[PDB]
Amino acid sequence: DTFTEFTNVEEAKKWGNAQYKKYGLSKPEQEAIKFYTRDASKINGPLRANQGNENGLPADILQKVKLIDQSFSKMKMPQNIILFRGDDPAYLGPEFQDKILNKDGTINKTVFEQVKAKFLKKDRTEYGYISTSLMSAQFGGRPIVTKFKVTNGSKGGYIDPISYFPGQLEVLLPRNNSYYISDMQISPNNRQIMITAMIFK
């Protein structure tokens with residue numbers, strides 16, 4: 001089946017709202033997700049620190065992580081969907097973060113080959129949750145943009161109605177969520193890396 005890519009904010013909120021209405025997230029689930037949206041680093045940072053071992057987390061963060069994890073029992077994609085995330089060169093790791101951009105702001109083409117060797121057609125797992133949006137335009141100036149293709153039934157949910165930052169049209173996906181990088185390209189303007197990644201659960 002096609003993957004839906006929302007063409008505008010109105011249609012996106014319509015689809016997101018329709019799914020959100022079915023979640024029945026608990027009060028503590030909602031508050032934990034809202035806290036995450038206020039500053040995701042307060043959750044994803046500790047998860048990275050502890051290499052996903054929720055048991056090494058501070059007790060307050062553990063309680064929120066268990067809630068956010070639990071929320072995904074209620075939030076599954078109803079259709080194959082396209083989601084977006086912007087990022088900076090640190091996404092590529094210390095050995096590339098300061099080399100992937102030329103001084104003139106374009107992607108270093110030779111270094112990009114090594115970036116592909118490291119990442120392309122390989123799975124990657126992040127210890128943090130994945131924050132995406134239904135829409136892509138807000139990422140047009142970021143050094144890296146990822147298009148996630150997420151199939152029907154995969155865990156994840158539209159959280160804009162409970163976000164600290166309404167209008168971001170965020171779809172949150174689980175932590176420790178392996179994705180497959182299926183494509184990586186330098187953009188037409190030579191100033192962005194465009195990644196496609198695939199998630200099936």
# chains A, B, ... in the order shown; residues from 1 in each chain; ligands from 1
$ closest_atom_pairs --of "range 5-124 of chain A" --to "range 128-142 of chain A" --cutoff "8 Å" --atoms "only C-alpha atoms" --output "tab-separated table"
residue	atom	partner	partner_atom	distance
A:5	CA	A:134	CA	7.5
A:6	CA	A:135	CA	6.5
A:7	CA	A:135	CA	7.6
A:8	CA	A:135	CA	7.5
A:9	CA	A:135	CA	7.4
A:12	CA	A:134	CA	6.4
A:43	CA	A:128	CA	7.4
A:44	CA	A:128	CA	4.3
A:45	CA	A:128	CA	7.3
A:47	CA	A:128	CA	5.8
A:48	CA	A:128	CA	6.4
A:52	CA	A:128	CA	7.8
A:82	CA	A:134	CA	7.0
A:83	CA	A:134	CA	5.0
A:84	CA	A:132	CA	5.1
A:85	CA	A:132	CA	4.8
A:86	CA	A:139	CA	5.3
A:87	CA	A:142	CA	6.1
A:88	CA	A:142	CA	6.7
$ residues_around --residues "residue 117 in chain A" --least-positions-apart "3" --cutoff "12 Å" --atoms "only C-alpha atoms" --output "list in words"
residues 92, 96, 110, 111, 112, 113, 114, 120, 121, 122, 181, 183 and 184 of chain A
$ residues_around --residues "residue 155 in chain A" --least-positions-apart "4" --cutoff "8 Å" --atoms "only C-alpha atoms" --output "PyMOL selection string"
chain A and resi 72-73+75-77+173-174+201
$ select_by_dssp --residues "range 9-77 of chain A" --states "helix (DSSP H, G or I)" --output "VMD selection string"
chain A and resid 9 to 20 27 to 38 41 to 49 54 to 56 59 to 71
$ select_by_dssp --residues "range 4-100 of chain A" --states "strand (DSSP E)" --output "MDAnalysis selection string"
chainID A and resid 81:87
$ closest_residue --among "A:59, A:193, A:68, A:171" --to "residue 15 in chain A" --atoms "only C-alpha atoms"
A:171
$ residues_around --residues "residue 108 in chain A" --least-positions-apart "3" --cutoff "12 Å" --atoms "only C-alpha atoms" --output "number ranges by chain"
A: 89, 96-105, 111-115, 143, 185-186, 190-193
$ write_last_selection --atoms "C-alpha atoms" --output "compact mmCIF listing (two decimals), in the first residue's frame"
# COMPACT_ATOMS: atom_id res chain seq x y z
CA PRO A 89 25.91 16.49 11.77
CA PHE A 96 32.05 12.69 10.77
CA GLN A 97 30.40 15.54 12.64
CA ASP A 98 33.22 18.01 11.99
CA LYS A 99 34.22 16.71 8.52
CA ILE A 100 30.94 16.14 6.71
CA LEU A 101 30.42 19.85 6.04
CA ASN A 102 32.84 21.81 3.89
CA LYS A 103 33.80 25.24 5.12
CA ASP A 104 31.50 26.62 2.39
CA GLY A 105 28.54 24.79 3.96
CA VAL A 111 33.42 12.19 3.27
CA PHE A 112 29.80 11.48 2.33
CA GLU A 113 31.00 8.29 0.67
CA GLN A 114 32.39 7.16 4.00
CA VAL A 115 29.17 8.22 5.72
CA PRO A 143 21.86 19.80 7.56
CA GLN A 185 21.68 11.38 -0.87
CA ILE A 186 23.14 14.85 -1.01
CA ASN A 190 24.40 20.43 -2.00
CA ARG A 191 23.69 21.61 1.54
CA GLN A 192 21.68 18.76 3.05
CA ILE A 193 21.87 15.00 3.46
$ closest_residue --among "A:125, A:41, A:154, A:176" --to "residue 53 in chain A" --atoms "only C-alpha atoms"
A:176
$ closest_residue --among "A:80, A:116, A:11, A:157" --to "residue 198 in chain A" --atoms "only C-alpha atoms"
A:80
$ atom_distance --atom1 "CA of residue 196 in chain A" --atom2 "CA of residue 156 in chain A"
17.7 Å
